[PDB]
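Residue numbers (PDB author numbering), protein chains in the order written: chain e, 11 to 164; chain h, 2 to 130; chain d, 2 to 206; chain q, 7 to 86; chain l, 2 to 123. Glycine is no exception: its CB is placed at the ideal position from the N, C-alpha and C atoms. In what follows, a structure is listed as structure tokens, so that the remarks can point back to it.
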RNA sequence: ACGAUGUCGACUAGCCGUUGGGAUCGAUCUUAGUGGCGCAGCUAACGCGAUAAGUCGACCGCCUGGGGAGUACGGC
RNA sequence: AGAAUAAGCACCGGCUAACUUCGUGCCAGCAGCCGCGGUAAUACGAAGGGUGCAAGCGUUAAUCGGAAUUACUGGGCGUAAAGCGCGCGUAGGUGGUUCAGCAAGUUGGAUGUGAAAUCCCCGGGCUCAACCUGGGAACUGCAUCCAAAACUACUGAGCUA
RNA sequence: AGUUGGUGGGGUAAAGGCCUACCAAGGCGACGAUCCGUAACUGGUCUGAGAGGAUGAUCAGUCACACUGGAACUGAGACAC
Ligand SMILES: [Mg+2]
Ligand SMILES: [Mg+2]
Ligand SMILES: [Mg+2]
Ligand SMILES: [Mg+2]
Ligand SMILES: [Mg+2]
Ligand SMILES: [Mg+2]
Ligand SMILES: [Mg+2]
Ligand SMILES: [Mg+2]
Ligand SMILES: [Mg+2]
Ligand SMILES: [Mg+2]
Ligand SMILES: [Mg+2]
Ligand SMILES: [Mg+2]
Ligand SMILES: [Mg+2]
Ligand SMILES: [Mg+2]
Ligand SMILES: [Mg+2]
Ligand SMILES: [Mg+2]
Ligand SMILES: [Mg+2]
Ligand SMILES: [Mg+2]
Ligand SMILES: [Mg+2]
Ligand SMILES: [Mg+2]
Ligand SMILES: [Mg+2]
Ligand SMILES: [Mg+2]
Ligand SMILES: [Mg+2]
Ligand SMILES: [Mg+2]
Ligand SMILES: [Mg+2]
Ligand SMILES: [Mg+2]
Ligand SMILES: [Mg+2]
Ligand SMILES: [Mg+2]
Ligand SMILES: [Mg+2]
Ligand SMILES: [Mg+2]
Ligand SMILES: [Mg+2]
Ligand SMILES: [Mg+2]
Ligand SMILES: [Mg+2]
Ligand SMILES: [Mg+2]
Ligand SMILES: [Mg+2]
Ligand SMILES: [Mg+2]
Ligand SMILES: [Mg+2]
Ligand SMILES: [Mg+2]
Ligand SMILES: [Mg+2]
Ligand SMILES: [Mg+2]
Ligand SMILES: [Mg+2]
Ligand SMILES: [Mg+2]
Ligand SMILES: [Mg+2]
Ligand SMILES: [Mg+2]
Ligand SMILES: [Mg+2]
Ligand SMILES: [Mg+2]
Ligand SMILES: [Mg+2]
Ligand SMILES: [Mg+2]
Ligand SMILES: [Mg+2]
Ligand SMILES: [Mg+2]
Ligand SMILES: [Mg+2]
Ligand SMILES: [Mg+2]
Ligand SMILES: [Mg+2]
Ligand SMILES: [Mg+2]
Ligand SMILES: [Mg+2]
Ligand SMILES: [Mg+2]
Ligand SMILES: [Mg+2]
Ligand SMILES: [Mg+2]
Ligand SMILES: [Mg+2]
Ligand SMILES: [Mg+2]
Ligand SMILES: [Mg+2]
Ligand SMILES: [Mg+2]
Ligand SMILES: [Mg+2]
Ligand SMILES: [Mg+2]
Ligand SMILES: [Mg+2]
Ligand SMILES: [Mg+2]
Ligand SMILES: [Mg+2]
Ligand SMILES: [Mg+2]
Ligand SMILES: [Mg+2]
Ligand SMILES: [Mg+2]
Ligand SMILES: [Mg+2]
Ligand SMILES: [Mg+2]
Ligand SMILES: [Mg+2]
Ligand SMILES: [Mg+2]
Ligand SMILES: [Mg+2]
Ligand SMILES: [Mg+2]
Ligand SMILES: [Mg+2]
Ligand SMILES: [Mg+2]
Ligand SMILES: [Mg+2]
Ligand SMILES: [Mg+2]
Ligand SMILES: [Mg+2]
Ligand SMILES: [Mg+2]
Ligand SMILES: [Mg+2]
Ligand SMILES: [Mg+2]
Ligand SMILES: [Mg+2]
């Protein structure tokens, strides 16, 4: 898909005999607004080159999510590193109640009512890791219902 | 010192499910038997058998379906240190109904869905999804 | 209070039409509406998410001429209601008496309709109402006082409402200058570029 | 009819009156764990037929002395 | 902490002490200037800061900072003080309100002249 | 006073030693200790990994920014 | 009768919407936190421009939130704060496995009470609103009776991991 | 140490160590007595997604007080704004 969003641009440095060498890191998310989504990281010596590399990396390794009509299936709670993430479905009139990496990830993924919240560190890359770990494990019915028939598991 | 046998049962099931095993054997009791039966009716295990001879052994055969185990998150709720009880209106939902929570009521050990069907609350034993 | 002053600065700042003149001649050939107002007009200057939310909310406010406290009241009452507060906000803002009078076509601009309402020239159900906030209920028959129906402004604005695009949710009788407000318009009928989700995001913070 | 209470005799050294301990379980208001509270009541025993350890039942009546407003109706278990 | 441990001893809220012990829960308080002097800021800054030592109606004695370019405070001047700490000056926790009782506010000020007690130029 | 790692109990791939003791036919198995690697899993990372810092239970002790200070006063 | 009688306050380096000139040169000063000022200062003081509110606008004081930063919901203790030097043991907390009973905990139901006002829903009046007002819902509690017996507690008899 | 219980009697509109004379040595307490500091309580109010946290202006219910310390009289009712 093609929906580009830029999350964070940071400037890092390494020390050499002579002084400091600077570089730029960029984090981006891509998706089609209907279930495909992925993130990418890039590094370069200029901001546009890093952004381009991040877009190219993010356009690969895109995954498919299972969403129940512009909203999640069930309340979920994921984590990565020291970051914890909580999301839960909301009514249609609700917006996206989230901040930073949450908002970009969920808006690009195609959901509109997510009402999320994060605990622990708010490092954007770890937050994105945690959010995709949570979203990639959305089961949806007819798959958790592989044990037996349908309309009895619910 | 095994002050909770049900937690031991669930821990055994989870540990040997993670280790890609096929059968779990444990000491049995008339509560673990009811829990095993209610899991069997929910398709979370293959079968369970109770041995004879004074010291019965309960054995359970697991399921895998795909490359990932069928039971991915099983957790005890009411422990001997807390003893949580809930009413009909307050029966917890796991994964918004996509899972099951085992409830012990005066009508026996059943699922939360059957608990509202009979309109009887009780003690929340564990949640499986 | 009320905003009194230049009205083409607001259009330039928001970057859109934002109807504030009579619309007789045009909008482009009065204010060169492609530069932000002030000394630094030519700079583009992209803006953050908070800036976007603020611009959207200010754009909506500047179109109906409502101040901040009354906008807070409208938002609170819309959130208290049922069914997607985002569109309930526009549902509420379209039922104002001055806005209704403007839609019926007795005023050139929103400010002119507001002055018609305030100066005791509009009767809602056959009695005078001079509050430019009176929520008009569906089925109300707005009219003009018989002592003021021959004002040149109403007749002059009638043809301007004649060529602006049919609202198709109010009716008017021109001989008696009396119309009926059938129902509040649906979200589709309004301009589908006012993205109210930005407003909801801004206020839920 | 009439509401009663049941407890265990813990002191009988007074004349024509006994001390009875009553146990109850109360849920902690915030932490939700059931904890044991106790009450010590003074009951009127006219004929001195109660011993330490006896499981008895009592009922509430008018005050008979300061801090004495209960009288026992039956002995349901006798101390060994 | 376990549930039983918490039953035996529940969790305690800490209390946050105010940074303005004088003027006990008061917006402003008046006092008398026992002396007006001038002092020097902390390391990274270099300046010559105007400060007045004030004895309050509480009986407290504190130090207040005088804002603006000029002032007319001297001995035995009745002043009003408000909260607010000056980062560079050690031990200065209060501000002197300009233009309230005896301070008269700054003159020839025309931008933001409500924090300095200056009338509209008109 | 240190494994800078509370006690008790139950589960979870393997390989190489070593101290006591058993069995079956130098080999195989099984206990109670004491060491070296290592799959999952865990951890911020280092690293831990049947002698867990993994999956769980029961009870107890302790922490809540750095200094002032494990100091002052009081008790023992 | 006439447009006549009726706009101000804060801010513009980042957090945070809004930028350039002129003075001054570690001074004068600013400042919620990072911090600005030593000769081209978008941070001091003015002027032009702009941004927020608006009969108000700012500052100070105070409470909760954000703070999952006392963590029941919902945190930790190898090295960041944090396992008592080590045992034994009292009060307390917790309890392997079968029957049978009891109904304290548990669950369901009925009845009484839980003042009015307030908060919430549907309405009715003041030209609107604030405001007033009808009915309902709620008041998550307590008490007494009836029923159930899976689990915990209590009682009797067992079993050997 | 009237401290805790019993008996006889007194006293009150009324139960009662409320009071009195004898008899006994009891009663309360780590489920925090006693002591020290602080404070009228509630319906409610403000914050918070909730659980909680803070708090008792205005309105309503109860309590206590009427320059300070005591006491009773009259009265259906007062220890009397
Ligand atoms: Mg070299
Ligand atoms: Mg590099
Ligand atoms: Mg974490
Ligand atoms: Mg962790
Ligand atoms: Mg943190
Ligand atoms: Mg106003
Ligand atoms: Mg008495
Ligand atoms: Mg301050
Ligand atoms: Mg040693
Ligand atoms: Mg140590
Ligand atoms: Mg340490
Ligand atoms: Mg130890
Ligand atoms: Mg251990
Ligand atoms: Mg031992
Ligand atoms: Mg052990
Ligand atoms: Mg062990
Ligand atoms: Mg290793
Ligand atoms: Mg660790
Ligand atoms: Mg760590
Ligand atoms: Mg536990
Ligand atoms: Mg425990
Ligand atoms: Mg434990
Ligand atoms: Mg400290
Ligand atoms: Mg400190
Ligand atoms: Mg300190
Ligand atoms: Mg010492
Ligand atoms: Mg000291
Ligand atoms: Mg000492
Ligand atoms: Mg900006
Ligand atoms: Mg300034
Ligand atoms: Mg200059
Ligand atoms: Mg600034
Ligand atoms: Mg300036
Ligand atoms: Mg001010
Ligand atoms: Mg303040
Ligand atoms: Mg404060
Ligand atoms: Mg404050
Ligand atoms: Mg908190
Ligand atoms: Mg704070
Ligand atoms: Mg939080
Ligand atoms: Mg906890
Ligand atoms: Mg922590
Ligand atoms: Mg521990
Ligand atoms: Mg250290
Ligand atoms: Mg220790
Ligand atoms: Mg140790
Ligand atoms: Mg020790
Ligand atoms: Mg000890
Ligand atoms: Mg010891
Ligand atoms: Mg030591
Ligand atoms: Mg011991
Ligand atoms: Mg014991
Ligand atoms: Mg048992
Ligand atoms: Mg026990
Ligand atoms: Mg039984
Ligand atoms: Mg009940
Ligand atoms: Mg009520
Ligand atoms: Mg009305
Ligand atoms: Mg029965
Ligand atoms: Mg005597
Ligand atoms: Mg007597
Ligand atoms: Mg008598
Ligand atoms: Mg007597
Ligand atoms: Mg005490
Ligand atoms: Mg007081
Ligand atoms: Mg919270
Ligand atoms: Mg609350
Ligand atoms: Mg609220
Ligand atoms: Mg209080
Ligand atoms: Mg008062
Ligand atoms: Mg009253
Ligand atoms: Mg009362
Ligand atoms: Mg009263
Ligand atoms: Mg009373
Ligand atoms: Mg009184
Ligand atoms: Mg008086
Ligand atoms: Mg007086
Ligand atoms: Mg007196
Ligand atoms: Mg007298
Ligand atoms: Mg007399
Ligand atoms: Mg009398
Ligand atoms: Mg009185
Ligand atoms: Mg009187
Ligand atoms: Mg009096
Ligand atoms: Mg009175």
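Rounded to a whole number of angstroms, what is the C-alpha to C-alpha distance between residue 127 of chain d and residue 155 of chain d? Position 126 of the third chain, counted from the start, is the residue given in the question as residue 127 of chain d. Position 154 of the third chain, counted from the start, is the residue given in the question as residue 155 of chain d. Between residue 127 of chain d and residue 155 of chain d, the C-alpha separation is close to 19 Å.
Among d:54, d:112 and d:104, the one whose alpha carbon lies nearest that of residue 201 of chain d: On the third chain, residue 201 of chain d is found 200 positions in, with the first residue counted as 1. Of the candidates d:54, d:112 and d:104, the one whose C-alpha sits nearest the C-alpha of residue 201 of chain d is d:54.
Sequence-distant residues of its chain with Cβ nearer than 7 Å to residue 2 of chain d (five each side left out): Here residue 2 of chain d refers to the residue found at position 1 of the third chain. These residues qualify, in order along the chain: 68.
For my contact list, residue 122 of chain h and residue 87 of chain h are in at a C-beta cut-off of 8 Å; report their separation, rounded to the angstrom. To locate residue 122 of chain h, count along the second chain from 1; it is residue 121. To locate residue 87 of chain h, count along the second chain from 1; it is residue 86. Residue 122 of chain h to residue 87 of chain h, Cβ: 6 Å. Contact.
With a threshold of 7 Å between beta carbons, is residue 86 of chain d in contact with chain e? By one-based count along the third chain, residue 86 of chain d stands at place 85. So, interface residue.
First and last residue of the beta strand (DSSP E) that includes residue 25 of chain e? Here residue 25 of chain e refers to the residue found at position 15 when the first chain is read from its first residue. Start and end: 14–26.
Work out the CA separation of residue 145 of chain e and residue 83 of chain e for me, nearest whole Å. Locating residue 83 of chain e in the first chain gives position 73, counting from the first residue. Locating residue 145 of chain e in the first chain gives position 135, counting from the first residue. The straight-line gap from Cα to Cα measures roughly 10 Å.
Between the stretch 32–51 of chain q and chain l, which residues of the former have a C-beta closer than 9 Å to a C-beta of the latter? 34, 36, 37, 38, 39 and 41
Residues in the same chain with beta-carbon distance under 6 Å from residue 124 of chain h, minus the five sequence neighbours each way, listed in chain order, please. For the purposes of this step, residue 124 of chain h is taken as residue 123 along the second chain, with counting starting at 1. Excluding residues within five positions, the ones whose Cβ falls inside 6 Å are 79, 86 and 105.
Residue nearest to residue 83 of chain d in terms of C-alpha spacing, selected from e:155, e:89, e:95 and e:102: The residue you call residue 83 of chain d lines up with position 82 of the third chain. Of e:155, e:89, e:95 and e:102, the residue nearest in Cα terms is e:102.
Using a Cβ-Cβ cut-off of 6 Å (strictly less than) and excluding sequence neighbours within five positions of residue 140 of chain e, which residues of its own chain qualify? Your numbering for residue 140 of chain e matches position 130 in the first chain. Result list for residue 140 of chain e: 88, 89, 90, 93 and 95, in chain order.
Are the stretch 100–108 of chain d and the stretch 155–166 of chain d touching, with three or more C-beta to C-beta distances below 8 Å? yes
Terminal residues of the alpha helix (DSSP H) in which residue 12 of chain h lies: Position 11 of the second chain, counted from the start, is the residue given in the question as residue 12 of chain h. Counting along the chain, the alpha helix (DSSP H) containing residue 12 of chain h begins and ends at 6–19.
In terms of alpha-carbon separation, which member of l:33, l:87 and l:47 lies closest to residue 61 of chain l? Position 60 of the fifth chain, counted from the first residue, corresponds to residue 61 of chain l. It is l:33 whose Cα lies nearest to the Cα of residue 61 of chain l.
Would you call residue 144 of chain d buried or exposed, if buried means 16 or more other Cβ atoms sit within 10 Å of its Cβ? Walking along the third chain from the start, residue 144 of chain d turns up at place 143. Residue 144 of chain d should be labelled buried.
Report the rounded CA-to-CA distance for residue 21 of chain q versus residue 71 of chain q, giving the unit in angstroms. Numbered from its first residue, the fourth chain carries residue 21 of chain q at position 15. Numbered from its first residue, the fourth chain carries residue 71 of chain q at position 65. Looking at the two C-alpha atoms, the distance is approximately 12 Å.
For residue 103 of chain h, does the count of other Cβ atoms within 10 angstroms reach 16, so buried, or fall short, so exposed? Start at 1 with the first residue of the second chain, and residue 103 of chain h comes out as number 102. Residue 103 of chain h comes out buried.
Tell me which residues share the same chain as residue 23 of chain e and place their Cβ nearer than 8 Å to its Cβ, disregarding the 5 neighbours each side in the sequence. As a first step, residue 23 of chain e must be located in the first chain, where it is residue number 13. Hits under 8 Å: 30, 31, 32 and 33.
Check the Cβ of residue 156 of chain e against every Cβ in chain h and list those closer than 7 Å, keeping chain order. Position 146 of the first chain, counted from the first residue, corresponds to residue 156 of chain e. The contacting residues are 66.
Counting C-beta neighbours from all protein chains within 10 Å, is the total for residue 132 of chain e 16 or more, i.e. buried, or is it exposed? Position 122 of the first chain holds residue 132 of chain e. By the neighbour-count rule (16 or more Cβ atoms within 10 Å), residue 132 of chain e is not buried but exposed.
Only counting the same chain, and skipping five residues up and downstream in sequence, which positions put a Cβ closer than 7 Å to that of residue 108 of chain h? Working through the second chain from its first residue, we reach residue 108 of chain h at position 107. If we look at residue 108 of chain h and ignore the five residues flanking it on each side, its Cβ neighbours are 119 and 121.
If we require 4 or more residues per run, which alpha helix (DSSP H) segments fall completely within the stretch 82–109 of chain d? 86–94 and 98–105
Taking only runs that begin and end inside the stretch 104–154 of chain e, name each unbroken beta strand (DSSP E) of 3 or more residues, in chain order. 127–130
Could you tell me the alpha carbon to alpha carbon distance between residue 84 of chain l and residue 21 of chain l, rounded to whole angstroms? Locating residue 84 of chain l in the fifth chain gives position 83, counting from the first residue. Locating residue 21 of chain l in the fifth chain gives position 20, counting from the first residue. Rounded to whole angstroms, residue 84 of chain l to residue 21 of chain l spans 7 Å at the Cα level.
Would you verify that the beta carbon of residue 1 of chain d is, or is not, closer than 7 Å to some beta carbon of chain e? The structure shown does not extend to residue 1 of chain d, since chain d is modelled only from 2 through 206, so no value can be given for it.
Please compile the residues from chain h whose C-beta is within a distance smaller than 7 Å of the C-beta of residue 149 of chain e. Here residue 149 of chain e refers to the residue found at position 139 of the first chain. Those are 99, listed as they occur along chain h.
Exposed unless 16 or more other CB atoms sit within 10 angstroms - verdict on residue 89 of chain d: Translated into the one-based positions of the third chain, residue 89 of chain d becomes position 88. Looking at its Cβ environment, which holds 16 or more other Cβ atoms inside 10 Å, residue 89 of chain d is buried.
Looking at the strands, I want to know which residues DSSP matches up with residue 96 of chain e. Residue 96 of chain e sits at position 86 when you count from the first residue of the first chain. In the DSSP output, where bridge partners are listed per residue, residue 96 of chain e has e:87 and e:127.
Should residue 93 of chain l be flagged as near chain q, meaning a C-beta pair shorter than 7 Å? Position 92 of the fifth chain, counted from the start, is the residue given in the question as residue 93 of chain l. Answer no: the Cβ-Cβ gap between residue 93 of chain l and chain q never drops below 7 Å.
Would you say residue 103 of chain e reaches chain d, if we count a Cβ-Cβ gap shorter than 7 Å as a contact? Here the question's residue 103 of chain e lines up with position 93 in the first chain. Chain d contact via Cβ: present.
Using beta carbons (cut-off 7 Å, strictly below), is residue 198 of chain d in contact with chain e? Residue 198 of chain d sits at position 197 when you count from the first residue of the third chain. Cβ-Cβ to chain e under 7 Å: yes for residue 198 of chain d.
Which of the three DSSP states is assigned to residue 113 of chain h in this structure? Numbered from its first residue, the second chain carries residue 113 of chain h at position 112. The answer is helix: DSSP assigns residue 113 of chain h an H, G or I state.
So residue 112 of chain d and residue 66 of chain d are in contact, right, with Cβ under 8 Å, and what is the actual spacing, rounded? For this step, residue 112 of chain d is matched to residue 111 along the third chain. For this step, residue 66 of chain d is matched to residue 65 along the third chain. Sure, about 7 Å apart at Cβ, within 8 Å.
Within this structure, are the beta carbons of residue 95 of chain l and residue 65 of chain l separated by less than 7 Å? Reading the fifth chain from its first residue, position 94 is the one you call residue 95 of chain l. Reading the fifth chain from its first residue, position 64 is the one you call residue 65 of chain l. Taking 7 Å as the Cβ cut-off, residue 95 of chain l and residue 65 of chain l qualify as a contacting pair.
For the stretch 36–47 of chain e against the stretch 113–133 of chain e, are there 3 or more C-beta pairs whose distance is under 8 Å? yes
Distance check for residue 20 of chain e and residue 194 of chain d, CA to CA, integer angstroms please. The residue given as residue 194 of chain d occupies position 193 in the third chain. The residue given as residue 20 of chain e occupies position 10 in the first chain. Rounded to whole angstroms, residue 194 of chain d to residue 20 of chain e spans 34 Å at the Cα level.
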